[PDB]
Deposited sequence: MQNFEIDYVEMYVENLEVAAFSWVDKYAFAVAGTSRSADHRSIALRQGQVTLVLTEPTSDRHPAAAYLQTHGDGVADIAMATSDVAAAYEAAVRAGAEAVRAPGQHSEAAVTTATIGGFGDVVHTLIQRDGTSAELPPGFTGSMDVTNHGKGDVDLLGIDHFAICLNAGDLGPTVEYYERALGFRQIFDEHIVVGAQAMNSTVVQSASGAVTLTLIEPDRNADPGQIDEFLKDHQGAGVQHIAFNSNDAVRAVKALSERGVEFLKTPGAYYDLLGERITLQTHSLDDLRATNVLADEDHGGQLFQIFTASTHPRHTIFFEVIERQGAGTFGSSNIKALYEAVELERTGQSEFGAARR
């Protein structure tokens, strides 16, 4: 198959609170809805991000048990492919858990579902790639916009960061490589004080689905990833990164709409000009927005984390601008997790 993100589905306790949190704080548009005897859902749209929010209204629906375990979270990273039956057959033969066999399932395109990490799944969606399309079963239109968007301009999803139980990284990397044709593109041993993490990035052959997989290092003290695993009650999506053309301007625009970003101390910006010589922003700009700067063989990388507004403080989001950077960088990653540590330990 040749995987693109069709949509990301989150399971939610409260549809109207979640939908308008994305509309109001992040400038998503409402695109479509889907309802049955067991759920109500909305499809939200901005740039190339399609977010689906689903609230179960019956204990039949798998979200009821998910919400009881996790609170709100990502449940399905759905992938567009040209031949779903082929992609499924090959994935299952290579080891994928079969969750639902290819079929209509609603005048729908052909759809199937396989397992992913933890309890997150992947719906495979048949698309010929000629156009933006609503998730299957949804009525509405993809030609929608939020005219109150102002200066916020989220372009797409850059990657998903995922927390795994210790000892699960190596085998989850291998699963994505064998079942789905993903490749290992980056890896990083992360240290924050006396805690550490192991991480490996797998990415679909198309470039379009990236997962930054992280497990606790059992040789160091327990920290952030252990906390996530305990509070979430399992492996899961820790953050989603959204692309922008200009991270400084996105932080400003999102801040005004109510989004709180993590703080990075002035010491970091003092140390900076000796580490990297900036190419698209001023050191002043970065300092003011707590945006982090690093570099790849390919160019520069600007990233920032959002403070979690989840009741368990689990999932959070990231704004990322790539100026030729193709992967990630040690200094950004160390600083991102040090922002997290600062927020949570003080």
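No C-alpha positions are given in the record for the deposited-sequence stretches 1, 108, 349 to 357.
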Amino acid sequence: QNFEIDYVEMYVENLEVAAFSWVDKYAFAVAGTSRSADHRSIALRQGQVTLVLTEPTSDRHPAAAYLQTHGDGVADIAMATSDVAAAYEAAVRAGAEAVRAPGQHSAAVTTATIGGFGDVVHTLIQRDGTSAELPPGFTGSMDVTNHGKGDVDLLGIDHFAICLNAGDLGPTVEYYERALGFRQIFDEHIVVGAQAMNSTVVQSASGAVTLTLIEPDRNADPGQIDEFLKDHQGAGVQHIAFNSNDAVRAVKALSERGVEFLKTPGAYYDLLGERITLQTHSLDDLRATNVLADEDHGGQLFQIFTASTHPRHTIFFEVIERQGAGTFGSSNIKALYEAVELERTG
From here on, numbers count along this sequence of modelled residues.
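Per the PDB record, of the two stretches 334 to 342 and 12 to 20, 334 to 342 carries the greater mean B-factor over its C-alpha atoms. Once the C-alpha B-factors are averaged per stretch, 213 to 221 and 200 to 208 rank with 213 to 221 first. Remark: of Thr69, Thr306, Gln303, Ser282, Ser282 shows the highest value [criterion: C-alpha B-factor in the PDB entry]. Among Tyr176, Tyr268, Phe228, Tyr88, the highest C-alpha B-factor recorded in the PDB entry belongs to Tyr268.
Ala29 sits in the lowest third of its chain by CA B factor, as recorded in the PDB entry. In the PDB entry, a CA B factor belonging to the lowest third of its chain's modelled residues is recorded for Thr172. Ranked by Cα temperature factor within the chain, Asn245 sits in the highest third according to the deposited record.
Sort the chain's modelled residues by C-alpha temperature factor and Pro311 lands in the middle third, per the entry. Per the PDB record, residue ranking by Cα B-factor puts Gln184 in the lowest third of the chain.
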